[PDB]
Amino acid sequence: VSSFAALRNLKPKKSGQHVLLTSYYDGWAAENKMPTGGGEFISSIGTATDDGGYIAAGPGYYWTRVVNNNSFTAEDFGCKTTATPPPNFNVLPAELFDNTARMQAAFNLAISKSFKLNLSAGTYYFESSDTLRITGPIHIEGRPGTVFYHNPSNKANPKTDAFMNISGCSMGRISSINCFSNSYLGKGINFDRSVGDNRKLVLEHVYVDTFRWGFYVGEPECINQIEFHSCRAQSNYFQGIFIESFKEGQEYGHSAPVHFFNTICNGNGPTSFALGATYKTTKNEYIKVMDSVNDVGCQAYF
Amino acid sequence: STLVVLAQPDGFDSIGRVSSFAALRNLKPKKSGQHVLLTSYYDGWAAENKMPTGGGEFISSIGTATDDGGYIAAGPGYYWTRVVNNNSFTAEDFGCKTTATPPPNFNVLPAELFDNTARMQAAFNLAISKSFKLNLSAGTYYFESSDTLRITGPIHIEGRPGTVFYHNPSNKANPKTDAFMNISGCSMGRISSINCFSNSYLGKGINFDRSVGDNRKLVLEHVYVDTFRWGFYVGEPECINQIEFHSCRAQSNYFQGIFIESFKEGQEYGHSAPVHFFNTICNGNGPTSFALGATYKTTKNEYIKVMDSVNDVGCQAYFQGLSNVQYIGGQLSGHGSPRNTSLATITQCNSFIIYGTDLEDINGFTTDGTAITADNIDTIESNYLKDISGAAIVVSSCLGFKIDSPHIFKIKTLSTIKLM
Amino acid sequence: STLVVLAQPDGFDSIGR
């Protein structure tokens, strides 16, 4: 079978057939690259919810992937990578395909079935009004060169909306990812208790650059016993790490303990260039980066 | 004509398959070197709601070899061997099964009871012998056997969030003290992301021994041990040199979460050294009032009294006869009001150092079993001065003890540190 | 006839490598 859409249109004669899917999209050969996202599928007669990865549905039948070694790749869900842009201020990648909805379907499969998600090198681009959510324990493993690039153009509040939200991820691991935005807007990764506590989550080689805040925590009891190993927060507009369990006049609360091992915060804070900069969105709107002409910051705030 | 059928988009379905591993045992080859496909280890997955598992590709040989139930399927005068990819394989390749995870309540068993002990022993043997990594899937593996599961050499084991090992001690010869899992000789191994529990307050979770050799640089990561009698047990010298615990948890065990005792009184001196704990937690270990009154009902309808005596006490962690021990980060806490003499007890060690560990919530007792309240506090200080009890951390005959400045709270016993 | 050969439990062997 040539592509995932062709698979949706392929009607089986009997439940339990095995077929081969070469690649998720066709036309790799006219380009200069190899097929990706293919695999082996088995048919069933009945109804099921199409997923875009694991399950391909037609009228009265569906096809399910055979998953090997309890793991899969984001390409299995139709995500695409491209060449990485430089870290300069308003610079976007060369091709702009939005991966948010397909990557959300991939995260949902990894949390539901407890498969490990394998990411490849290159940049995944994200330009969506929705935040990417992790809502349970998960294994994610990238490669040296795995990049998540966030465009805040479509967010309802670009300055404060989060790119990625993590909640309830006990005993998970997330390794080898580089998130950056080139905008001085938004939160890189936001931790919440909207699902539960991230009780023994481990982040390893996670890098967050050029947002407004890199790692953000703003409520109690949501990062108990979290661990950061070899992580980096760099060149963010206010702080690299911002943890604030409660504000003035609010009920006391905390999270405890918190462990940082060989993590670096470097270059966070308003520079004179940043103070004067204006961000140009893909809809040709202009967003003033500064809040006030007297902005100051720090590397880490606990 | 037939090539036209084969070249259709669904032509791969016209290739045949072997339906199960037993069918593979009965498949006689015509010639050594044939290749065949095995759909799944067991058949009948389609009548259920779930996908094939444990299949792969096999190659035939003419001769004799010892069957494994995984790697090699043998018949009379021939056999079949799996093709293994990326030097790794899964427990399903050996016929293991998973089921839905029970809640952590006291005498609650899973819904389906298939015993995985002999097949998991075969898989461990293949991983140690050939140096392949073993991949485990989510769900519970159930274990109910008179034999302990043994690891006897260096190994890589990698589970998933939700991988559970459930142990039923009904068939053990001595349920109260028999180990579920024995580790020995595992230098440079790694074991990660496993949750073992028993719901019985009986047995040892993971026992370390020198029956094969030293566990010289074994690394345990995200290994949880719950509701046994002891979570991690060490009971002889020179068997955990340079071991490492990363992000591990021992929780709700009857006496201790961590029990290390190189030698007892009147025995020759010995130790293991160094020992490294990083961000590990022991919590809720010790005899609770429910546990003191509980009785375990076995699958054979026998009743086993959980208590040893009505004055049972415990602690979160117990270290004896060690040297150069570092406890970095982590937590030790008595959540649930178990009866504890202390949170940590240290005896006859050399250089025990605690860096910023979180200590909290102790419900204090003496070694006899006397509750330590305000009303009798003065009496305690007179009559139990020489007892190994009465503090959040009790230190006895330790050279080079050191604790920095952690946050401590809810200490309802006589003192915070006791030195003796 | 050849389809019957290919559909046997050891049919994958008849593919060359």
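Residues numbered from 1 in each chain as written, not as in the entry; some residues may be left out. Chains lettered and ligands numbered in written order. Part of a larger assembly, values for the part shown. Heavy atoms only, no water.

Method of structure determination, per the deposited record: cryo-EM was used for this entry, reaching 2.32 Å resolution.

Caption draft 1: Expanded view of the overall build of chain B. Secondary structure summary: chain B contains five helices and 32 strands in total. Burial status across chain B gives 57% buried among its 420 residues. Within chain B, counting contacts between residues at least 6 apart in sequence, those at least 24 apart form 77% of the total. Accessible surface, chain B as shown: approximately 17,000 Å² in total, 51% of it carbon and sulfur. Separation of charge centres in chain B, based on 32 positive and 37 negative side chains, amounts to 5 Å. (Helix = DSSP H or I, 4+ residues; strand = E, 2+ residues; numbered from the N terminus. Buried < 20%, exposed > 50% of the residue type's maximum accessible area, 1.4 Å probe, protein only. Contact = heavy atoms within 4.5 Å. Areas by Shrake-Rupley, 256 points an atom, 1.4 Å probe, with all protein chains shown as cover. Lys, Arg positive; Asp, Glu negative; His and termini not counted. Charge placed at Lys NZ, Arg CZ, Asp CG, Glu CD.)

Caption draft 2: Structural context of the overall build of chain A. Scanning chain A from N- to C-terminus turns up three helices and 23 strands. At 21 Å, chain A has a C-alpha radius of gyration in line with the 19 Å of a compact globule built from 302 residues. Each principal axis of the C-alpha distribution contributes one length, and for chain A these read about 70 × 40 × 30 Å. For chain A, with 302 residues in total, the buried portion stands at 54%. Here the contacts in chain A between residues at least 6 apart in sequence split such that 76% fall between residues at least 24 apart. For chain A, the accessible area works out to roughly 13,000 Å², and carbon and sulfur atoms hold 51% of it. (Rg over C-alpha atoms; globule rule 2.2 N^0.38 Å.)

Caption draft 3: View of the interface of chain B and chain A. With 33 residues of chain B in contact, the opposing surface of chain A contributes 32 residues. With both sides pooled, the region where chain B packs onto chain A buries about 2,700 Å², and carbon together with sulfur makes up 56% of that total. Our enumeration of links across chain B and chain A arrives at four salt bridges. Summed over the shared surface of chain B and chain A, the result is 13 residue pairs in polar contact. Broken down by secondary-structure element, the contributors of at least two residues to the side of chain B that touches chain A are β5 (88–90), β12 (190–197) and β14 (219–226) of chain B. (Buried area = accessible area lost by both parts, 1.4 Å probe. Salt bridge = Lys/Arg side-chain N within 4 Å of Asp/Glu carboxyl O. Polar contact = N/O pair within 3.5 Å; in protein donor to acceptor, adjacent residues only side chain to side chain.)

Caption draft 4: Up close: the interface of chain B and chain C. On the chain C side, the residues contacting the 16 residues of chain B number 12 residues. Seen at the junction of chain B and chain C, the total is three salt bridges. In this structure, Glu57(B) and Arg17(C) form a salt bridge, with 3.4 Å as the shortest nitrogen-oxygen distance. On the surface where chain B and chain C come into contact, there are four residue pairs in polar contact.

Caption draft 5: Up close: the sheet that holds strand β3 (residues 55–58) of chain A. All names here are of chain A. Taking strand neighbours across the sheet as the criterion, the four strands line up as β1-β2-β4-β3 in an open arrangement whose pairing is antiparallel. Because the sheet does not close on itself, it has two edges, and the strands there are β1 (18–23) and β3. Across this sheet, the average inter-strand angle for adjacent strands is 30°, counted without regard to direction. As paired elements, β3 and strand β4 (residues 61–65) share four bridges and run antiparallel to each other. (Pairing = 2+ DSSP bridges. Axes fitted to C-alpha atoms, helices over the stretch in contact; angles between N-to-C directions.)

Caption draft 6: Focus on the side chain of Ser333(B). One can find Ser333(B) in strand β25 (residues 331–333). When neighbours within four sequence positions are excluded, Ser333(B) is seen to be in contact with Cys282(B), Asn283(B), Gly284(B), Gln316(B), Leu343(B), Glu360(B) and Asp361(B).

Caption draft 7: Representation of the arrangement of the chains. Among two pairs of chains with at least one contact, chains A and B form the most extensive contact set. A gap remains between chain A and chain C, which never touch, and the nearest two C-alpha atoms on either side lie 12 Å apart.

Caption draft 8: A look at the nonpolar core. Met120(B), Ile151(B), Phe208(B), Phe232(B) and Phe319(B) are the most contacted members of the largest nonpolar core, which has 68 residues in total. A total of six residues in this core trace back to one element, the largest contributor, which is helix α3 (residues 117–130) of chain B. Excluding residues that lie within four positions of it along the chain, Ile151(B) makes contacts with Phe124(B), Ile128(B), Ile157(B), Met181(B), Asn182(B), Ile183(B), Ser184(B), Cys186(B) and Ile191(B). If you look at the next biggest cluster of nonpolar residues, it comprises 49 residues, including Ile111(A), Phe126(A), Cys169(A) and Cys231(A). (Core = buried A, V, L, I, M, F, W, Y, C linked by side-chain atoms within 4.5 Å.)

Caption draft 9: Quick peek at the environment of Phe21(B). Residue and element names in this part refer to chain B. Among the structural elements, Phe 21 can be located in helix α2 (residues 21–25). Separated by 272 residues in sequence, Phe 21 and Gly 293 have C-alpha atoms that sit 48 Å apart. Not counting the four nearest positions on each side in its chain, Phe 21 is found in contact with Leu 38, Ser 40, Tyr 41, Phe 58, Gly 69, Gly 70, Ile 72, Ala 73 and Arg 82.

Caption draft 10: Spotlight on the side chain of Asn224(A). Residue and element names in this part refer to chain A. For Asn 224, the position within the fold is in the loop between β15 (213–217) and β16 (226–229). Residue class for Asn 224 comes out buried when judged on its relative accessible area of 11%. One polar contact links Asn 224 to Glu 221, side chain to side chain, over a distance of 2.9 Å. With residues up to four places along the chain from it excluded, the contact list for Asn 224 reads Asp 197, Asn 198, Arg 199, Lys 200, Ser 255, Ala 256 and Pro 257.

Caption draft 11: Broad picture of a nonpolar patch on the surface. Residues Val258(A), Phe260(A) and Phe302(A) make up a contiguous nonpolar surface patch of about 280 Å² in total accessible area. Residue placement: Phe302(A) occurs in the segment after β23 (300–301). (Patch = residues over 30% accessible without salt bridge, like charges linked within 9 Å, V, L, I, M, F, W, Y side chains within 5 Å.)

Caption draft 12: Spatial organisation of the sheet that holds strand β4 (residues 78–82) of chain B. Residue and element names in this part refer to chain B. An order of β1-β2-β4-β3 is seen for the four strands of this open sheet, with the pairing classed as antiparallel. Either end of the sheet is taken by a strand with one partner, and the two such strands are β1 (35–38) and β3 (72–75). Mean inter-strand twist for the sheet, computed between neighbouring axes without regard to direction, equals 30°. Judged from the five bridges that link them, strand β2 (residues 56–62) and β4 form a sheet pairing that is antiparallel. Its bridge partner being in β4, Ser 60 is matched across the sheet by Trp 80.

Caption draft 13: Here's a closer look at the packing of aromatic side chains. Within the structure shown, the criterion is met by 51 aromatic pairs over all chains. Aromatic side chains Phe261(A) and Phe278(B) sit 5.3 Å apart centroid to centroid with 65° between the ring planes, which places their arrangement in the edge-to-face category. Of the two residues, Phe261(A) sits in strand β19 (residues 258–261) while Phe278(B) sits in strand β19 (residues 275–278), which places them in two different chains. Ring geometry for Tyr41(B) against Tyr42(B): centres 5.0 Å apart, planes inclined by 65°, an arrangement best described as edge-to-face. Judged by its relative accessible area of 6%, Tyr41(B) is buried. Accessibility expressed as a relative area gives 30% for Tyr42(B), which makes it partly exposed. Aromatic ring contacts, followed pair by pair, group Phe89(A), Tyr184(A), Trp213(A), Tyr216(A), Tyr237(A), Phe238(A), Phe242(A), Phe273(A), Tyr279(A) and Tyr301(A) into a single cluster. One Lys or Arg, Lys97(B), reaches over the ring of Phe114(B) and ends 4.4 Å from the middle of that ring. Against the face of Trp230(B) rests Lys204(B), its NZ or CZ located 5.9 Å from the ring centre. (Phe/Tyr/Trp six-rings, centres within 6.5 Å; stacked < 30°, edge-to-face > 60°. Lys NZ or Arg CZ within 6 Å of the ring centre and 35° of its normal.)

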